[PDB]
């Protein structure tokens, strides 16, 4: 088997690439105009 | 119609500009997936000022993410409203400017400035004619100051007749971060004073002082300081997005705040501002809207305007309200504070009515004012820059990355001349 | 994308390196096989089924510590020619490191570095660990830095070399080996960070109340330091601190890069059950001279620059309140030409505790690296006990008869004497 | 009516035309077993231009599969849409050309070209009247460059007045494969310049440039790049199969691109080309189509048109679209980019509207342009050829097949006078 | 239709045919009886009911290595008369091996090479594996190459000649045998490739880390070379390279047909799963000067052509990306009349590892055959060794009285110096 086509007839790529992340640790923040809890 | 072009540079600009697109998507009823909800005429009758219809029905922001390291680009797309932006608006560096001016301005910001003007021209020439450029970045670091302001140099050459609106966050006097700050700050200031049509100043000392006294939070983070800048930056552009009894725009601010083009530095205020302890106890009306807004505690610069003199100023009133109590109260604040207002200018105030109030409130105001009290943090930058430069400390980076020495002597002399010309009008 | 190469020369580098990489394996989740039951990229590579092999070389001229790593637990984590070994020890000699044995091992060493660097662009720099008192840690450690400057010119090169004590040195010819290593690393090392063994012994005795620990317990505490330096490179945080502003914020002049460190909190589980760990007091502990890392008193030294690396659940508000307290504090004095004196970096990941070790699970920590004028005294005591023994030709026949000529001692003597004059001139 | 005969040679050509007969099968509703699907009258009103009715219900291609080695033709047949082609339209070689123009053109290209002329005469004479030929091959190899171009020669003599439209892929100069490329490149140009009516240049690093910058493909295979150029092959012939408000033809391209018979070398662009991380973000309109098409990033020839002058150009649009914007956009780019558009021709470029767009897209555009920037591409192939022929390299595989040195110097002369002829029009 | 004929002479040729057909039987599914439980048509011919039969001749005048093959496991696979045996050893003698004792075995060998190459037209070429230092490898190899040149002149003549090393020569009269053999290797051999023993000795010593390797492990590496050689000929690929492509892309002058070889990766199981052996990490090791299989140092030579063949799941994106960094590095250099020097072949099927051998199951591999000006050095010390021992008539009486004449040594000396004058004439 040769490698398959990675483009549809719509002429766009077929599979995504997961971006190189940074080990996202979230931060809980919200303020002003009610400013939560 | 008109088109505000936003550019979002540096680590600091990428967080304060992301929170900006959280609240403008709030004001226009935009979902984080790009669609629309809310069912109102007033949310999208003027939507081309900040958004583009992308033939998927979504409203992509006309804002470009711009940094020399993908650490901040990773964060702004992982969180909420990161799906709103286009990945082609993101421009990536890989090396990173380690808070050095020549690092971003001469060596490795030179090869990414060709790619980022390609995306500026992609969205500028795609419309008929735009209204202005809105430049948020950081002068304390490197990728915001040096790599940021050569963009300011280049787009002014291509579009000299358009307005040049910059919101720059300054080094702060009390907190000591990014220890080579006075080199980055001074080398950006003298070059943007001949280049930017008008500049507004944000300092993290003043945003902390707001959370000390007016918001009375206990643990304010950077996201809380972001929405302080973001609520003010929404308010300064609200009349271009919404109707009103008295319409205005950014060059209305420019013609009504700038008697001389060398002096174009402003202070920002924003009222009302309380926590829930005073949300139901304070009469939301025109007296304390104007009177909190003329307070040093509410100022977003680390300056006391009581020290200086208000040369010119403007107020951006938002919401359905009585209009006498807007402008006659600014006549009373001029009569009571006649010593605080400059003597050869009668009616220092520009006013406008932006009849759609912001979300969650019914009355608000945004301050943009040219005060000669903005001299004082140029003085403390001058004192600490010449403290580092009289014995040439931390200089070998700024020499070895292709940048000369008399470029620094003209940098100090230009800003000293800017300080001296603010004295003669006080 | 991002990657950093760690070089460990000498058996001091070996023992600091095995504990440094066992923390990284427990920090990212690497089993002793190199599998993950994505910040590994900045310290661990990839090769298919989770195989996250390390990006580090291990130089030693004698095999007696390297091949027992091969026999030990971490066999298949490390690539087998990343562990590079000779046959004969340099045996406390600068000449034995350079001209007789090191010329035959440095060709295979740069062969492995070149293959391990050209795998992907994004190399921030090299982390050097060595012993300046030793033979291969100072001699071969010099010649690696000579061959790294000639090819990898513009890349950053951090340094963490174990300076000997005024008292605990366990050698006699470390006056020769140390000051010949200075003539190496004033002009080849970009940032030199200083270490000292009794300055880790007195932290283990006082801050944890451990009366009989060993060399390996020193190596956990320093492993926590290097992991905290690369905290922002791997994990996310509010203020990113990569390697390029360890030098542009801490090095004001190219010949002034010798600098100090400190770590806090170093608190056992039996003391963490009573003391509250606030950001204000962990940085107050990092400013105490008794908590210092290389036994250099900063009361007669004058802080030119500093860096703080907060790691954990540190809110930026009390970062700025605590650092304003030390400007008010008079006993920590700073320089008039550097009024601002601080670079702050926040990372959200808490410090990783090793079970069976000495530390507990703390929620916040500081890794402080400060360039101060106090490094003049650690070389002035080097002045006094070098001239006291060089004056009567003691231990000289070993050096002169083995390739290196008389006179290189005198120019390296004038080199560190010029370093003395530079630190006195900048400290006015 | 008319028929365009695809003649498809070389191992490059057979696998770049397998993707060509996949896209025109998809656009025309051809099941790979041969039957029609999709029951649309516009989708089969013009089938006789590329397919012939088989009196068994199927639509056999008018394709001439051509190679000197029996391997790539077996892989094409074994793949999908490879059982569409007639087995006798394949022509088989058993020896092959070893990247050799001598055995490609003279010795091993002679005994097989008598069978190719038999099959191309059989299908063409069976038609009522021809429209042209579509020569797709490679210049960097042995059989496509060797007797694909001798096939170009003799059907030009035997059919003197028809259209000959060739998609020739030049050797990739930056990252060069098949080390004796400039002998097969330069010395097949000077033969082809008096025998080809219309030429389009394809470069492999340009195909990698559009896969990297505009498609952001992580792993681009040959199937991707052969699929991207088949967008050009279908977009250039859209009006041959489909109606339009303004019509065109390959003859229209011939009469509206060359003011002189020698300058028949063209560049090719295709728009839009975006990733699906930015497909929902793409506003798809006529002005955004033309400006993204008019970039060196998008053009599948590796020559920079900013260093040259577009002497003549053309733009085939596709899709239901307004026909004032099918010209006011080119008045915008002619007035703005007048420095890149030559003066002695007024209104350098034409357009036509095809009504059916490519499937999945509502509008598209292909571009065939006679730009004088190709002088930097022939002179760049020149400095490898004159350096490798100065010191007599690899020449005994050429002179040892009924061949001498004189037409190598004639190749240098007949190509550098094409370089110098493009010199006088920049 | 398509077939290739291998030819082996000498004891070295016989066991180098045993390794390359232990491998080719193991990848084509050929049991030692030949029964499958159309890509095989190059090396095996369909005979009867599902039997595949070797396409070669095994040639040796001494029986001591060949009749032990016909009593072995591969004895019902091979045809009996394809293995042709003599009666007496040539005994390091060009005079006997060409003239005296080698003339009664050529009539059987040319009968079988006719009966094997006449079954189908379109024969792809002949391969030759000869021992240069041997007696029948040099003598019989020379004369039958002469007779196959007059019979089949227009067919390819591949050769992988096993040359004596500068220090490893395992005999005494290698100056006579090799210089006499290269007089005719120059004139009627279309392709010559040097396989020096000590170079492949070192490669097994550091890459595969076997410090007691034997002629078996030497022979497996050549088997991997010939497998990735004709991988494109046997199986399909992204880009085919034919055997005719070799001379058209590596031979710019008919006299210069002497090229090099290199195989990478040759990693061992233990060291295998420890590197992402990527289309680059493996093409950098293929171009490494010490990874040479004939110990011709190319840093003092100029590359005049190179052919790379990839074998596995190789995308050509990083083929072009990695070969660009090969082109840009200055430690490699090309002669200016070949600005490009690269012919690439791609085969989809990965190489197959032999059980119990010394390689590992590797997904992708590179074989690289480069023509260079650095062939002048293997003939330059050949000049030194021949004249140093021809000076005072050593071992001359074994050649003069056994068929040749005094003066063959002078002209074989002369035309090798003509090869040196021709190589330096390219070398400006």
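Per-chain residue numbering starts at 1, and chain names A, B, C, D and E are given in the order in which the chains are listed.
Please note the rule applied: contacts are C-beta pairs under 8 Å (C-beta built on N, C-alpha and C of every residue); 3 or more make two chains touch, one makes a residue touch a chain.
When the partners of chain A are compared with those of chain B, the chains appearing in both lists are C, D.
Comparing the centres of all chains, each the average of its CA atoms, the largest separation from chain B belongs to E. Ranked by separation of Cα centres from chain D, the top chain is C.
Chain A has the C-alpha centroid lying closest to the overall centroid of all protein C-alpha atoms shown. Rounded to a multiple of 5, the Cα-based rotation taking chain B onto chain D is 25 degrees.
Rounded to whole angstrom, the centroid-to-centroid distance between chain C and chain D, based on C-alpha atoms, equals 61 Å.
As a whole-number value, the distance joining the C-alpha centres of chain B and chain C reads 42 Å. Per-chain Cα centroids separate chain C from chain E by 52 Å. Residue numbers of chain B whose C-beta contacts span two or more other chains: 70-71, 74-75, 220-222.
Residue numbers of chain C whose C-beta contacts span two or more other chains: 1, 236, 238. The multi-chain contact residues of chain A, meaning those touching 2 or more other chains, are 2-3, 20-22, 24, 27. Two chains count as a pair here when they touch; such pairs are A-B, A-C, A-D, A-E, B-C, B-D, C-E, D-E. For chain E in complex with chain D, the touching residues are 1, 121-122, 236, 238-240, 242, 244-245, 247-249, 251-254, 305, 315-317, 320, 323-324, 327, 336-344. Residues of chain C that touch chain E in their complex: 45-49, 51, 53, 76, 79-81, 115, 118-119. Contact residues on chain D toward chain A in their complex (touch as defined above): 19, 23, 26, 75, 79, 215-221, 223-224, 227-228, 231, 272-277, 279, 358-361.
Contact residues of chain A toward chain C in the complex are 20-25, 27.
Contact residues of chain B toward chain D in the complex are 34, 52-56, 58, 60, 86-88, 122, 125-126.
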